[PDB]
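What's counted below: heavy atoms across the whole structure, side chains too, no hydrogens, waters or symmetry copies. All residue numbers refer to positions in the sequence shown, counting from 1.
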Amino acid sequence: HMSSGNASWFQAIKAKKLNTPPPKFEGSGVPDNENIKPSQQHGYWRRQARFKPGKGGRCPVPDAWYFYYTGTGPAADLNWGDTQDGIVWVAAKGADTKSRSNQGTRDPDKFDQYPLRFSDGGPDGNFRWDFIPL
């Protein structure tokens, strides 16, 4: 079965190794995006276990975490701040975490992922992400 629909608007951040704790952010941890009202500058990072083909089956690869605006994505059911394993909540100064964007999710058939930029900091050194030009 192939899951389809709620892909993140942004590229993933990726743990450098196995058994890595959730990302911590310098600054807000909300990805750069000029096309969002400041009131709606809030969301969550969600962990996705990754795998790679193996001889014995498929082998673990370090986790990826994907960003979703609050009330969208695999954890659309959650309110900002709700406790859930594999969910880290983020919000910028000026954000009203009750507000809901219509950003929805990305259709990979129509739109490529946005490059990730954090002008106010970014995730800790446990994490990395691929270079994509703006």
Side-chain angles (χ1 to χ4, degrees):
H1 177 255
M2 197 206 78
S3 305
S4 54
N6 296 21
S8 173
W9 279 109
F10 302 90
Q11 59 185 313
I13 63 180
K14 297 166 178 178
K16 285 174 176 169
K17 46 216 78 193
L18 298 174
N19 195 228
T20 304
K24 303 170 283 275
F25 299 89
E26 189 175 42
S28 68
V30 179
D32 287 2
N33 186 351
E34 293 193 346
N35 199 18
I36 302 289
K37 299 167 196 157
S39 67
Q40 312 188 338
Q41 291 283 16
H42 57 264
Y44 64 92
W45 292 87
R46 181 179 182 276
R47 177 171 64 205
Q48 180 144 58
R50 291 192 303 158
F51 300 91
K52 149 201 73 64
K55 228 318 285 167
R58 280 170 179 184
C59 273
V61 144
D63 302 329
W65 292 70
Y66 293 87
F67 177 81
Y68 295 93
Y69 294 99
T70 300
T72 74
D77 66 314
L78 301 191
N79 299 306
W80 197 95
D82 289 348
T83 307
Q84 182 92 281
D85 305 340
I87 298 291
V88 174
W89 294 100
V90 289
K93 184 199 144 289
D96 168 12
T97 57
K98 294 287 188 296
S99 71
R100 293 291 142 93
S101 71
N102 274 50
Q103 192 59 35
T105 56
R106 185 177 54 87
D107 181 63
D109 302 286
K110 293 171 187 179
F111 299 92
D112 296 349
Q113 64 197 347
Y114 298 147
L116 258 181
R117 296 293 185 277
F118 304 91
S119 288
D120 59 337
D124 68 86
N126 278 330
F127 292 86
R128 74 192 194 291
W129 68 98
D130 293 340
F131 174 80
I132 309 166
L134 284 168

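Across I13 and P123, no two heavy atoms sit closer than the pair CD1-CB, 4.2 Å. Nearest heavy-atom pair across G29 and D120 is N-OD2, 4.4 Å. Between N126 and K24, the shortest heavy-atom contact is ND2-NZ, 4.4 Å. The minimum heavy-atom distance between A95 and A91, with the atom names listed, is CB-CB, 4.3 Å. Closest non-hydrogen pair, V30 versus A92, comes out as CG2-N, 3.9 Å.
Taking CH2 of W89 as the reference point, atom CG of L78 lies at 5.0 Å (rounded to 0.5 Å). In this structure, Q48 CD and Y66 OH are separated by 5.5 Å, a value rounded to the nearest 0.5 Å. Atom CG in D109 sits 11.0 Å away from atom CG in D112 (nearest 0.5 Å). Taking CG of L18 as the reference point, atom CZ of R50 lies at 10.0 Å (rounded to 0.5 Å). Between atom NZ of residue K37 and atom CD of residue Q103 there is a gap of 11.0 Å, rounded to the nearest 0.5 Å. Separating the OG1 atom in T97 from the NE2 atom in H42 is a distance of 6.0 Å, to the nearest 0.5 Å.
The number of heavy-atom neighbours closer than 6.0 Å to CG of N19, taken from other residues, nucleotides and ligands shown, is 12 or below. Heavy atoms from other residues, nucleotides or ligands lying under 6.0 Å from NZ of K17 number 12 at most.
Residues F25 and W80 fall into different hydrophobic clusters, defined by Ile, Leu, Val, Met, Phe, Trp and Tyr side chains chained together at heavy-atom separations under 4.5 Å. In the hydrophobic cluster analysis, where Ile, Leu, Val, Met, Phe, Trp and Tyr join through side-chain heavy atoms closer than 4.5 angstrom, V88 is grouped together with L116. If you chain together hydrophobic residues whose side chains sit under 4.5 Å apart, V90 and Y68 never meet in one group.
Judged purely by atom type and a 3.5 angstrom limit, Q41 uses its side chain to pair as donor or acceptor with the backbone of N33. Remark: side-chain polar atoms of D32 are paired, donor with acceptor, to backbone N or O of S119 under 3.5 angstrom. Between the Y44 side chain and the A75 main chain, a donor and an acceptor come within less than 3.5 Å of each other. Looking only at distances, a side-chain donor or acceptor of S99 sits under 3.5 Å from a matching main-chain atom of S39. Formation of a donor-acceptor pair under 3.5 Å by the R106 side chain with backbone atoms of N6 is not found in this model. Side-chain N or O atoms of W65 include none that pairs as donor or acceptor with a backbone N or O of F127 at under 3.5 Å. Judged purely by atom type and a 3.5 angstrom limit, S8 uses its side chain to pair as donor or acceptor with the backbone of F67.
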Query raised in the report: Under the salt bridge (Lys or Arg N to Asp or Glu O under 4.0 Å) criterion, do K14 and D130 qualify, and how do the steps go?
Result: CA-CA 9 Å; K14 297 166 178 178; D130 293 340; 3.4 Å; yes
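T70 has its side chain within reach of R100: a pair of non-hydrogen atoms, C-beta onward, lies under 4.5 Å apart.
Classification of the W129-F118 ring pair by plane angle, with boundaries at 30° and 60°, yields perpendicular.
Legend: residues meeting ring-ring contact (aromatic ring centres under 6.0 Å, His included) with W9, ordered by chain and number and at least two apart, are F111, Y114.
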What side-chain donor-acceptor pairs closer than 3.5 Å can you find for residues 51-63, not counting sequence neighbours?
none

